[PDB]
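The block underneath contains the structure these notes are about, expressed in structure tokens.
A short reminder: the numbers here are calculations on the coordinates, not readings from a lab. For neighbour counting, all protein chains shown are included, and Cβ atoms are generated from backbone atoms with ideal geometry for every residue, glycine included.
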Amino acid sequence: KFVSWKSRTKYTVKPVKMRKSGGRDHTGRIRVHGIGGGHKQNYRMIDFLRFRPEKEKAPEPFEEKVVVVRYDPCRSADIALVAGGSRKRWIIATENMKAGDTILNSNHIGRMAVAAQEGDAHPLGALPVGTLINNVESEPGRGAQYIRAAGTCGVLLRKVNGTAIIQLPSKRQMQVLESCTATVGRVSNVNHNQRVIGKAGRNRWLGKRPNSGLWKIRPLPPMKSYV
Amino acid sequence: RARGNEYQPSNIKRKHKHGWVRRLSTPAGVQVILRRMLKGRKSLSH
Amino acid sequence: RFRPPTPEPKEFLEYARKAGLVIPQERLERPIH
Amino acid sequence: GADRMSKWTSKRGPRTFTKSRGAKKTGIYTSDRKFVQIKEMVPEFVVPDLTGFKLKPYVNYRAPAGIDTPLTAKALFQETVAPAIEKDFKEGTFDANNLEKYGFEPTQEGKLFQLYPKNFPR
Amino acid sequence: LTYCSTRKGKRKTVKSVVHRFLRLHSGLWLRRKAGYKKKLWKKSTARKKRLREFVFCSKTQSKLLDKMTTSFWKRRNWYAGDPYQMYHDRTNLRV
RNA sequence: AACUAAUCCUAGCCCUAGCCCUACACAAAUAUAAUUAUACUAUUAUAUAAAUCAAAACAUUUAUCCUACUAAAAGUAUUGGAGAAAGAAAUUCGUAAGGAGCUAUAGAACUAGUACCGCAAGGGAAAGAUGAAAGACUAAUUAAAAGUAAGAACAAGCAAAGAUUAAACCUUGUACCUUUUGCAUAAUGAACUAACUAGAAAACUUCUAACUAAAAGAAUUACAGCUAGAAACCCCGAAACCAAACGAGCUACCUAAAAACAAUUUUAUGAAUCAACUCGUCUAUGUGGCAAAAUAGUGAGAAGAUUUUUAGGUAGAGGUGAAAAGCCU
RNA sequence: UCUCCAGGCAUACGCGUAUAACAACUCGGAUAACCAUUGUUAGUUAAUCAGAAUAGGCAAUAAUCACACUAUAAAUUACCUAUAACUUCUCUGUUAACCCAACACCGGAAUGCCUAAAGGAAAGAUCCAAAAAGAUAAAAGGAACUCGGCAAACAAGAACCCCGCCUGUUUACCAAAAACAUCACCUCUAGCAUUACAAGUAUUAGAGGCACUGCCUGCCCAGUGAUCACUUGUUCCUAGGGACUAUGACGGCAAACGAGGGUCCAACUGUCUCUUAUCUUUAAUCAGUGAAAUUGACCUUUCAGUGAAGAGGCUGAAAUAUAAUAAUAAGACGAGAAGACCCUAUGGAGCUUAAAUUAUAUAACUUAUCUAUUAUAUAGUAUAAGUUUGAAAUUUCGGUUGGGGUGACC
Ligand SMILES: [Mg+2]
Ligand SMILES: [Mg+2]
Ligand SMILES: [Mg+2]
Ligand SMILES: [Mg+2]
Ligand SMILES: [Mg+2]
Ligand SMILES: [Mg+2]
Ligand SMILES: [Mg+2]
Ligand SMILES: [Mg+2]
Ligand SMILES: [Mg+2]
Ligand SMILES: [Mg+2]
Ligand SMILES: [Mg+2]
Ligand SMILES: [Mg+2]
Ligand SMILES: [Mg+2]
Ligand SMILES: [Mg+2]
Ligand SMILES: [Mg+2]
Ligand SMILES: [Mg+2]
Ligand SMILES: [Mg+2]
Ligand SMILES: [Mg+2]
Ligand SMILES: [Mg+2]
Ligand SMILES: [Mg+2]
Ligand SMILES: [Mg+2]
Ligand SMILES: [Mg+2]
Ligand SMILES: [Mg+2]
Ligand SMILES: [Mg+2]
Ligand SMILES: [Mg+2]
Ligand SMILES: [Mg+2]
Ligand SMILES: [Mg+2]
Ligand SMILES: [Mg+2]
Ligand SMILES: [Mg+2]
Ligand SMILES: [Mg+2]
Ligand SMILES: [Mg+2]
Ligand SMILES: [Mg+2]
Ligand SMILES: [Mg+2]
Ligand SMILES: [Mg+2]
Ligand SMILES: [Mg+2]
Ligand SMILES: [Mg+2]
Ligand SMILES: [Mg+2]
Ligand SMILES: [Mg+2]
Ligand SMILES: [Mg+2]
Ligand SMILES: [Mg+2]
Ligand SMILES: [Mg+2]
Ligand SMILES: [Mg+2]
Ligand SMILES: [Mg+2]
Ligand SMILES: [Mg+2]
Ligand SMILES: [Mg+2]
Ligand SMILES: [Mg+2]
Ligand SMILES: [Mg+2]
Ligand SMILES: [Mg+2]
Ligand SMILES: [Mg+2]
Ligand SMILES: [Mg+2]
């Protein structure tokens, strides 16, 4: 009887009501422990493909206007409503984004380096080595999947030929084509790691059930009389 | 606490748990009815 | 366990007199001789 | 402790449970919950004029009863259809194609009262 | 022992007797001596001679073996050139 | 000099024989929360049976279970921790309505899969008795069971026996079954009445006959044997194990939609005092109780990780668990 | 009419005629009256209470008197564009003292309104014995009681140790705690999308440990020259020759809080010295109704003996009209429960592993098989055969040794 709530085909900026799982799967059995209850929430459909040209428009760099930078219950970072042309779409907000700012979304692969302004989306080839980036996509057109948390910025270590190396926040180096689109700057809510829960009830407000109260080298034969 | 009152009646719950439509939903439930028909039960299901 | 209370039914007259009854008169099929 | 043997009716169960007692529907429920009764769906009692009717509920005990001969298709056919076909055959004005002339109906479609599937109540 | 079989309703022979003992028609049973093929290097010459012999069974042992085998193993067998032809009967036996 | 009771005979049932079946019965309703006249949401068994048990344990294995014609070949060939056990074939033979059964605790569970018990799967009873006629007023028959009544008792004792003129006084006498040990003043079991309630098989031996170097109505045995008859080996009772259904209306946790929190002080709260509400600290009562966990007091929390309501989910090789190996009627 | 008591009326859920009248007086109410019982007849009335056309386009801005006010846990069909139809009221719920607890059960039972205008009766009659239960009063003393201030009090104040940070959570039915959870802190694992984690992305997620804060100190940190050379170290080529090498895992302590476990003082008292009086319950007598465990048979005595710790019943003395009513509990090794304790079974089961036997759970590799390619070759793979890993599965628990370590012994 479990029908997923993620059944909306068409993009909208209206917040969408979420049904909670409880750590259980479509079978009805717990698959992850420690999830339950909490505050009711609404899902605002984020758009991680920064360079999405508007319908019936050409594929070239465009600009959008930041309406508001808002708190999002469903993620560590904060979201910014951005409007351009006749389209409104939620997006992740960088560290310094404010209302009324203008942010560029560029398709052009700069043959030379392009000056980097935080919040604008540029292909990795355009950016210069060393620039802090966020919302990186693995393959051109996929959409952003890495560096999407609060205050998490990766570095662009190297660009050679058609590919570049990205240092993910975990210090794990990844390689992607220079065509991939990465947003510049940090991801905002840099102090999220400084937040203090304080009381056990606060985690029960975020849907975190308490931990359960339940409290390997086989010797080789030649080394069993010394164990 | 005092036990013995584990039955909290509800017609919606009863017909959903042990009703005609529920029994026919799975083949094992159909065989529940087949046994009771063979035995001669006056009540096949709730 | 227990056994059921069967009510366990010159006697019909008392039965119907206590209960009360509509005894419609009957036409005797054979005339009395 | 629920009673499994008594009949399930609308008096039992919560308010949400409702079901009919066997009365035929006479209308339709539109959206926003408006009942619209349909005049044609409501039965009409066709009552004849009984003025000057000689038949009453009971019959004379002196009236002889008749031997039972339940009606058969052959008896109906002979009483009604045989006289025409027999006379027509002698006249020679007979063919298989013109069976409608004697009262045959190839199909029941288009008739107000269809003999099969029956589309009228008693 | 199987006294009444499921298929035939009879007793069954214990095929461990059939593979170890010979029954003479008179009623006697022959056997070998346990260990006659074992560790012969450390056995005395007289001991080995005793082991090689064919030996008879006691009254109770014979009574047991008769219980464990069926009648077919107790019939008189007319084998041409039998080397036990003369041992199937008792002679000069008053007892 | 009689109450409670007792007597009873047929309702049906049992095993065979024979036989393929063509019983699947008005109108209407019903797969919707079945039995609700019409659209909405469409509809669909199962991969190898397992274990108990036998092997005096158990670990390969363990007849039937898991069917292919009778009698013989034959418990033979074979198969097997070569143990317990298991076990063929070639080949031959083959033309056919009844009861030394039951008669109401028996025979079917059956007067009924009902009443009743259980959320459900499921479990599952008891009983009737006139006569030709009841349009003869529903009879009779029986010192007859235990139990009582008619009719309490009268120094002294396993309750009787020997006796006696005499019921009791006198004399003699350590209840029963099993069990200890072949003993108990041990110890188990027994309120009493009626009914019901536990030894079953033919390898060898013995006995009685038929025929006899042969016996047997084919297949077998035989150096007096062979054929037939007769003669035999209990009842009740676990914790367990496995397969398939049924269960989350209790309880554990969860999902969705809803509710409740006065007054007072702090502040801006898993803060304070204290109701409603939730819980169950200590003592007494109760202990077949009002209650298979309560009552009366006294207490802990009481805007929160609070409490409560409704509907849904997770199922036993599992579920749930702020782990008590708690909870899952 | 009087005396007294103080959760009542609606709806939901549930129940299913217990509703009302009459007639009955068998059964049912634990007894009567009377009926909640039996039979017969009746009943609940709704257009407002309650239940039961199609296709597109699009949504930033809580609630709390919503203004101010901040906040954090971030929080409810409409309006438009076209199409289609162009006057309608049937059906069903409606009673009651009611449901779940085997019962007319001192229990359980959601919400709104209200707190006596609604709803009710603690005593069948009598008697005031013991023992038992409950309430109130106490001369003088005031914990001397007791395992302990348990219980009670005209008291309800003050402090100190131990443990746990704190509010929370648990062994429904003997354990509410020092156990569990908890913010904080710490270790480990994972670089990723269309059903959990999650419509998330390392400031994330999962697994697990652990009080925090401040304070302390172990490890570890090539050696000597001094950013430089040797000695080392590690590899090779043959004892030679090259090659290469620029900070902590541990303790010690912090207030507040606690139906936790110890302790003290003050006050207070019938806990006690040392009990008493009153009232209610029960008791007892009268009327009605009427169980339960238990029971070999009993015409059921005391003392000494005998006996296995043991005698109403045996041996020898002794005592002895018969039956009730109300009391006590020495005995009938008094009666009950699934209570305890040791031992036994080639009886079980739960749990753990380093028991034996297995293990197409996952994971990996290897060879085939089948495709792609390629110069032989690297890829993959509806399967088979190996190997490695081990989630699991099945089975077992020799003997002798006041009983338990080890040993030993057969
Ligand atoms: Mg823990
Ligand atoms: Mg029950
Ligand atoms: Mg409930
Ligand atoms: Mg065995
Ligand atoms: Mg086995
Ligand atoms: Mg019977
Ligand atoms: Mg019967
Ligand atoms: Mg008598
Ligand atoms: Mg005497
Ligand atoms: Mg004893
Ligand atoms: Mg076993
Ligand atoms: Mg539930
Ligand atoms: Mg308040
Ligand atoms: Mg508080
Ligand atoms: Mg309090
Ligand atoms: Mg408090
Ligand atoms: Mg819990
Ligand atoms: Mg524990
Ligand atoms: Mg249970
Ligand atoms: Mg009434
Ligand atoms: Mg009356
Ligand atoms: Mg009545
Ligand atoms: Mg309405
Ligand atoms: Mg009403
Ligand atoms: Mg009672
Ligand atoms: Mg009043
Ligand atoms: Mg009263
Ligand atoms: Mg009184
Ligand atoms: Mg006082
Ligand atoms: Mg005093
Ligand atoms: Mg003292
Ligand atoms: Mg002291
Ligand atoms: Mg106290
Ligand atoms: Mg604590
Ligand atoms: Mg607490
Ligand atoms: Mg407890
Ligand atoms: Mg609890
Ligand atoms: Mg507590
Ligand atoms: Mg407790
Ligand atoms: Mg702890
Ligand atoms: Mg406490
Ligand atoms: Mg003092
Ligand atoms: Mg009396
Ligand atoms: Mg006496
Ligand atoms: Mg004595
Ligand atoms: Mg004496
Ligand atoms: Mg008395
Ligand atoms: Mg006594
Ligand atoms: Mg033994
Ligand atoms: Mg065993």
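Overview of values
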read-out: Selection count, the range E:64-95, where residues are in contact with a helix residue (DSSP H, G or I) (Cβ under 8 Å, 6 or more places away or on another chain) and either part of a helix (DSSP H, G or I) or surrounded by 10 or more Cβ atoms within 10 Å (Cβ to Cβ) (or both); value: 6
read-out: First in the range B:34-46 and of a type in the set (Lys, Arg), second anywhere and exposed (fewer than 10 other Cβ atoms within 10 Å of the Cβ), Cβ under 9 Å, 6 or more apart; value: B:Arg36/B:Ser43; B:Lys42/D:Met5
read-out: Residues satisfying the stated conditions in the range C:12-33, i.e. within 12 Å of RNA strand G (Cβ to nearest atom) and not aliphatic (A, V, I, L, M); value: C:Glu14, C:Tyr15, C:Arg17, C:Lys18, C:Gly20
read-out: Matching option when the condition is surrounded by 11 or more Cβ atoms within 10 Å (Cβ to Cβ) and either within 16 Å of ligand 2 (Cβ to nearest atom) or assigned to a loop (DSSP other than H, G, I, E, B) (or both), among A:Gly198, A:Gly151; value: A:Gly151
read-out: Only one of A:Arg186, A:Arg158, A:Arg218 that is in a loop (DSSP other than H, G, I, E, B) and either within 16 Å of ligand 1 (Cβ to nearest atom) or under 29 Å from A:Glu60 (Cα atoms) (or both); value: A:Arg186
read-out: Spans of helices (runs of 4 or more DSSP H) in chain B with at least 2 residues within 16 Å of RNA strand G (Cβ to nearest atom), closer than 26 Å to D:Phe17 by Cα and more than 9 Å from the chain's Cα centre (by Cα); value: B:11-18
read-out: Residue in the range A:178-200 that is nearest to RNA strand F (Cβ to nearest atom), counting only those that are among the β-branched types (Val, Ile, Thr) and out of contact with any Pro (no Cβ under 7 Å at 6 or more places or on another chain); value: A:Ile197
read-out: Residue selected from the range D:67-90 under the condition of a type in the set (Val, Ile, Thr) and part of a loop (DSSP other than H, G, I, E, B), by the criterion surrounded by the most Cβ atoms within 10 Å (Cβ to Cβ); value: D:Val81
read-out: Extreme residue, surrounded by the most Cβ atoms within 10 Å (Cβ to Cβ), among residues of the range A:65-86 that are more than 28 Å from A:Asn193 (Cα to Cα) and touching a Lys or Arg at 6+ places or on another chain (Cβ under 8 Å); value: A:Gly84
read-out: So A:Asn203, is it assigned to a helix (DSSP H, G or I) and within 9 Å of RNA strand F (Cβ to nearest atom); value: yes
read-out: Filter result (more than 17 Å from D:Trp8 (Cβ to Cβ) and either within 16 Å of ligand 1 (Cβ to nearest atom) or among the hydroxyl-bearing types (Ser, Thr, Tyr) (or both)) within the range B:1-22; value: B:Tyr7
read-out: Search result, residues across the range D:91-122 that are assigned to a helix (DSSP H, G or I) and loosely packed, with under 10 Cβ neighbours inside 10 Å; value: D:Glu91, D:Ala96, D:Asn97, D:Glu100
read-out: Only listed residue being among the hydrophobic types (A, V, I, L, M, F, W, C) and surrounded by fewer than 16 Cβ atoms within 10 Å (Cβ to Cβ), chosen from A:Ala116, A:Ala121, A:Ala126, A:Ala99; value: A:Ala99
read-out: Hits in the range D:16-50 (condition: assigned to a loop (DSSP other than H, G, I, E, B), in contact with a strand residue (DSSP E or B) (Cβ under 8 Å, 6 or more places away or on another chain) and near RNA strand G (Cβ under 6 Å from one of its atoms)); value: D:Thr26
read-out: Qualifying residue in the range E:56-63 (condition: more than 16 Å from RNA strand G (Cβ to nearest atom), of a type in the set (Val, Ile, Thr) and part of a loop (DSSP other than H, G, I, E, B)); value: no
read-out: Matching residues, the range D:1-56, being under 30 Å from B:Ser45 (Cβ atoms), small (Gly, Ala, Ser) and away from chain B (no Cβ under 14 Å); value: D:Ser20, D:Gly22, D:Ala23
read-out: Test set (1) surrounded by 10 or more Cβ atoms within 10 Å (Cβ to Cβ); (2) farther than 22 Å from D:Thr9 by Cβ; (3) of a type in the set (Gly, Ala, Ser); (4) within 14 Å of chain D (Cβ to nearest Cβ) - B:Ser25 fails condition number; value: (4)
read-out: Criterion: within 16 Å of ligand 1 (Cβ to nearest atom), loosely packed, with under 13 Cβ neighbours inside 10 Å and farther than 30 Å from A:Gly154 by Cβ - qualifying residue of A:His26, A:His39, A:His33; value: A:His33
